[PDB]
Structure formats: structure tokens, C-alpha cells
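Below, in C-alpha cells: the form solved without 5'-deoxyadenosine (5AD), a single chain.
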């Protein structure tokens, strides 16, 4: 089917009542009187579309005469595509698009739009029209830098971004300084200033490397640092670490600018991490090494840290804007409609590329970084619900293969578009010095799970000359936009099939739409209460097999099947993937370690685990 026909099937469907509460809450614009400028999703769509379309001015391929009706093509498409809720950019894009712009340009009917209107939009974008979500900033070994980073966190947060850092440069607690001669506080201490800053500018990523002398104390640093997610950094190769472990080897903890040295059994270090994650979900693992392995600019540039949820490895001062396709709405008669998914990837990658052009950053080292690489994060949401529609159990193999294929297709046409764009609009500045140029068989992910592999290699070849973006794909958690879209989040399985929203306060008993659209209505009413008490189908009498096997939830799916699904997707994603490894209450410390080890033998770039009943 044609995108245009699918759009016509979605465009007049309004968001549900649950999304609407969310929209009125933080998403509809409010004039300084506290009033409402937007009252319906449609309006937000109009605003965002118009503004993102605006980046077409900067297009060297357009002449004049043509430029107007042209931007009026992209605004309509972008518009149609977001009204349908077929593609949605990260929240920042939706809050801040067109802040600074005059209130009568943003919503006026399109065929009253003039060329000068779109130039005015371009110019009126103020210092809070920050349309991206992920940032990383460094924190060098120095006070001037430490406290400049605290300032940077604040400002990025003011504008609605999430940021992280590797703190491994900070010399250990106890070090010599002069300096001052007072002794170095250590990174775990300095992270308190980071924590305190954000407590007052109303989540962050904090990484320390496994070989830092203070690591043991970091692993323990939330037993506080309540605005931090913490992960343990592995900048060496995965294989190197897995080896050392299986030999019961020892690790040298040391730092360039100190004389503090220690040796620890790596198994014990892992046990310490495992226990704390077992206890409370922190810290995660970040396989920095593995991220660099696939980084076009490594070792010229370096990936040292992820943003708060791990899904973008970013170099210093680099940011990345994201958005996601609801693959659930591409379900056509037992198949994913590839003909409509392709056009939309085409459309989405241009949209996201356009965002960068209309974007404003609090710190122009970040503006620089961004213009230089133009790293995007096209992803998906609604995947679990799509598995539902296709009758594929999440925890299966079929599911992972399908996943790998879906992702592979998207990867393909996403990059083919970075191509057609690097042609039409000019290469991302740093192409030349990238592994796309000086390498040969450079692929920004592992592959090995799809037919599309060979076509992908070609394209990465056609990409030695034309390429708008260092990278293009990710899988975000989509905590909010999957809500807006009425669909499951990112690549996660549904946590529950049924729960109780309270109206604001009344029992509104929500059941998953697809469960409704498939399981018998009488059956449902019987089981409902029990489903909500147990949070799963599996132990419920008189529900057919077909259905318990298809409509699995996160806790129905064992840790390993989670891990392996993450692997399938990482194989065709250039950035990382946000994935919680859910573990049953009855899981042990050993169970966590085993997850960790498996993670080591797969192509996952990080690890988050969550034990049910932990916190």
C-alpha cells in the first residue's frame, strides 16, 4: 500500500483519552497568560511540521520560484505523517519547536503562507528552541572543567535535554594536587555537585571505567546520587574482559595522574556489580569499546559516554535528536507493509535531518559537534504490539529474526536516504576523515541476521562519497511518545496487558487494544480481574494457548530472551539500544552474572537489568 493510503486510514483517528491528558499536561502550547494556543494534537502537528519544513531554505538544490510550493509540500507531508501519528520525534522537538516565533505564523492555514513567513520562522527561533534529547559532555581532570561541566549540565537541562559523562578522568580520592594541596575528593564526590545541580534545575548518565581506582566505591554510590543512572564503563574490547573473567584473572586499577594502584579479582568486581544491580537496578554496564568498534570517526573522535538511557554513544559535546515510527500501524493482512514503511523512513530521515538545521543549543561547542557529524536517531515503537498483530511470541526466535529483518530494512532505506541527502544537500562535514571514506568494508553495526546484509554492504559502499549523517538509527525507550501514539514502547514487550488508570478518580480498566481485537469478549470479562491481580495470562484457566503464548508480558519473558532480542536489534543499529533486562523476583545474583556474561558474547552495546520487586 501507499504511504498516502495508510495516512488516510490513520489521520482522522484521534489520540485516546489517556494520551489527551498527557498532551494537555506538558505538550499543548500555552500563551504567557497561562492560556491555550493548542487544544488538540493536530495543532502540535501543524506547529512542528511547519517549523521543521522550514529547514528547506538551507537547501542548495532549490533555485527560487520553486522554494515556496516545495516547503509547502514538506510541511503537508510532515504534517500528515505526525497527525496520523505514524512517526513522532523525541519530546523536545514537540515542546520547543517554534518557541520564539510569532503566534500567528505557527497555525495559520497553509495556503496563506508566504515565503517571507518561513524566513521569519527561521529567524525568530530563540535560545530555548532546543529540539534534541541526548547530549554528552566531558568532565576533564581540573575544577575549571569540573565546574564548567556542572554549568553545562544545568544549561542543557534548562532547555530539556538529558546528558551524561564519563568521569574516569577525575583522579582518585586521596590523590596529590598542587593545585591547592588539599587532596582530590574523587569522582563519586564531585558527582554530588552534578546531582545537586540538577535537583535544582527541574535523569543523567554517570559512567566510571572498570579500571579506575575508585570503581568499587562507585558501584556502591547509591546505597545520595538519586538523579544519576550509573553504569560501569568498559573501554577495552568485550572479548578481552570475557577472557580475563573466565580465567579468574585480576584487574589493575590505576589512573594516569595518580599513584593509587590496586589489583582485584575481576570476578569479585563483577559480583559486587551484580549484587548491587540485583538489589536496586544500578549500576549498568556500558561497553564503550564495542561502541567505538562501530564508530565512523574512531579513533579520531571517541565515544566515552551515553546519554541518560544508554541509547546514543556520543562523542564530546555531541548531541542527537530522535524520533520513532510506530511499526504497529504498518500491519497489513499478516505482513509488515514494506512499501509504506520505506517511503516513511525516507520521510522520517529527512525530517530528523531537518530538525538539526532548525535547532538551537545552549553551548556552541555542541552546535559545532552537531553540524560536524549530524548523527540522527530514527527508531521504532509499537514493535511488541506488532508482534501481537502478527501472532509472533516475543520470546521466540521467529520474533528475533523478524526483528532483525525489520530493523535491517529500516537500516537500509534509512541509509539510502542519508545518501540521496548527502547528494542533494552536501555531505556531513567530517565525512572525509570517517571510516566511510578511508576504510573499505566499513559497516556501522554487526549484521549477520538478515537477507538484506548484502544490499546493506552496497550503500555503505555508495556511502564512501555521499552521506549526510555519521549515523542514523537507535531504539529509544519512547516513554512519552509511545503514549501519545497509543502503542507499546520502543522495542520493549508490554509490561502489562491490563491495568487501571484513574480518571481525575475512577476505575477506567484498560486492556491492550490488540488483546481486545482478538481474544473473545466474554472470556475477557471473566478473566479481567484475575489478569489485573496476576499481571500475566499464563496461569489463567480457560484462556487458549495461542493467546497466552502470543500475548506474553515482560515478566513472562525470561532474562535471556530479553537479552537476545536486544542483540537482534543491535545487529542493524548504528547507535545503541535502550532495553531493560527484566528478571523475576526469584532470580539470584548468579542469574545476573550469567546475563552479564552472555551480554559479553553477544553484540549488545550496554546492559540495564531490573529485578522485579527490587526497589
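Whichever C-alpha set is largest while still superposing within 1.5 Å between the two forms counts as the rigid core. Positions refer to the first chain, counted from 1.
Enquirer: Line up the rigid core: which moves more in 8 other deposited structures of this protein, 382-390 or 171-179, by C-alpha RMS?
Expert: The stretch that sits farther from the shown form in 8 other deposited structures of this protein is 171-179.
Enquirer: Figure out for me whether 182-190 or 470-478 is the more displaced stretch in 8 other deposited structures of this protein, taking RMS C-alpha distance from the shown form once the rigid core is superposed.
Expert: Between 470-478 and 182-190, greater C-alpha deviation in 8 other deposited structures of this protein belongs to 182-190.
Enquirer: I want to check something about residue 238: across the other compared entries that model its neighbours, is it left unbuilt in at least a third?
Expert: Modelled in all the others, so no.
Enquirer: Would you please confirm whether residue 504 lacks atomic coordinates in a third or more of the other entries that were compared?
Expert: Yes, residue 504 lacks coordinates in at least a third of the other compared entries that model both of its neighbours.
Enquirer: From residue 525 to residue 526, how many deposited residues does the entry skip: none, 1 to 3, 4 to 9, or 10 or more?
Expert: The entry has no gap there; residue 525 and residue 526 are joined directly.
Enquirer: Between residue 123 and residue 124, how many residues of the deposited sequence have no coordinates in this entry: none, 1 to 3, 4 to 9, or 10 or more?
Expert: In the record, the chain runs straight from residue 123 to residue 124 with none unmodelled.
Enquirer: Averaging C-alpha B-factors over each stretch, which comes out higher, 225-233 or 455-463?
Expert: Stretch with the greater average CA B-factor: 455-463.
Enquirer: On mean Cα temperature factor in this entry, is 49-57 or 572-580 the higher one?
Expert: Result: 49-57.
Enquirer: Based on what the PDB entry reports, which of 172, 544, 92, 308 has the top C-alpha B-factor?
Expert: Answer, based on the entry's C-alpha B-factors: 544.
Enquirer: Would you mind finding, among 494, 324, 504, 157, the residue with the largest C-alpha temperature factor in the entry?
Expert: Each of 494, 324, 504, 157 was compared by C-alpha B-factor; the highest is 504.
Enquirer: Sorting the chain's modelled residues by C-alpha B-factor, tell me whether residue 535 ends up in the lowest, middle or highest third.
Expert: It belongs to the highest third of the chain when residues are ordered by C-alpha B-factor.
Enquirer: Sorting by Cα B-factor within the chain, modelled residues only, which third would residue 385 end up in: lowest, middle or highest?
Expert: As the PDB entry reports it, the C-alpha B-factor of residue 385 lands in the lowest third of its chain.
Enquirer: Comparing residue 444 with the other modelled residues of its chain, is its CA B-factor in the lowest, middle or highest third?
Expert: Middle third, going by the recorded CA B-factors of the chain.
Enquirer: Check where residue 609 lands among this chain's C-alpha B-factors and tell me if it's the lowest, middle or highest third.
Expert: Its C-alpha B-factor, which the entry lists for residue 609, ranks in the lowest third among residues of this chain.
Enquirer: By its CA B factor, does residue 549 count among the lowest, middle or highest third of the modelled residues in the chain?
Expert: Within its chain, residue 549 is a middle-third residue by C-alpha B-factor, going by the deposited values.
The same protein also has a form solved in complex with 5'-deoxyadenosine (5AD), omitted here; what follows describes it.
Enquirer: Overlaying the pocket C-alphas and bringing 5'-deoxyadenosine (5AD) over as found in the deposited bound form, would you call this site open, or blocked by 3+ ligand atoms sitting within 2.4 Å of backbone or C-beta?
Expert: Transferred pose: open.
Enquirer: Any idea which of 327-335, 73-81, 308-316, 465-473 reaches within 4.5 Å of 5'-deoxyadenosine (5AD) in the deposited bound form, heavy atoms considered?
Expert: In the other structure, the partner sits against 308-316.
Enquirer: Within 4.5 Å, heavy atoms only: does residue 59 come near 5'-deoxyadenosine (5AD) in the deposited bound form?
Expert: So residue 59 does not count as contacting 5'-deoxyadenosine (5AD).
Enquirer: Though only this chain appears here, would residue 213 touch 5'-deoxyadenosine (5AD) in the deposited bound form if you measure heavy atom gaps against 4.5 Å?
Expert: Close contact is absent here: in the deposited bound form, residue 213 is far from 5'-deoxyadenosine (5AD), nothing within 4.5 Å, heavy atoms only.
Enquirer: Is residue 290 part of the interface with 5'-deoxyadenosine (5AD) in the deposited bound form - any heavy atom within 4.5 Å?
Expert: Residue 290: no contact with 5'-deoxyadenosine (5AD) in the deposited bound form.
Enquirer: Considering only heavy atoms, tell me if residue 417 and 5'-deoxyadenosine (5AD) come within 4.5 Å of each other in the deposited bound form.
Expert: Outside the cut-off, so no.
Enquirer: Which pick from 485, 421, 349, 205 sits with a heavy atom within 4.5 Å of 5'-deoxyadenosine (5AD) in the deposited bound form?
Expert: Only one option qualifies, and that one is 205.
Enquirer: Could you work out which of 353, 385, 282, 152 is the residue within 4.5 angstroms of 5'-deoxyadenosine (5AD) in the deposited bound form, going by heavy atoms?
Expert: The residue in contact is 282.
Enquirer: Where, within 225-257, is there a heavy atom within 4.5 Å of 5'-deoxyadenosine (5AD) in the deposited bound form? Residue list please.
Expert: The stretch touches the partner through 229, 230, 231.
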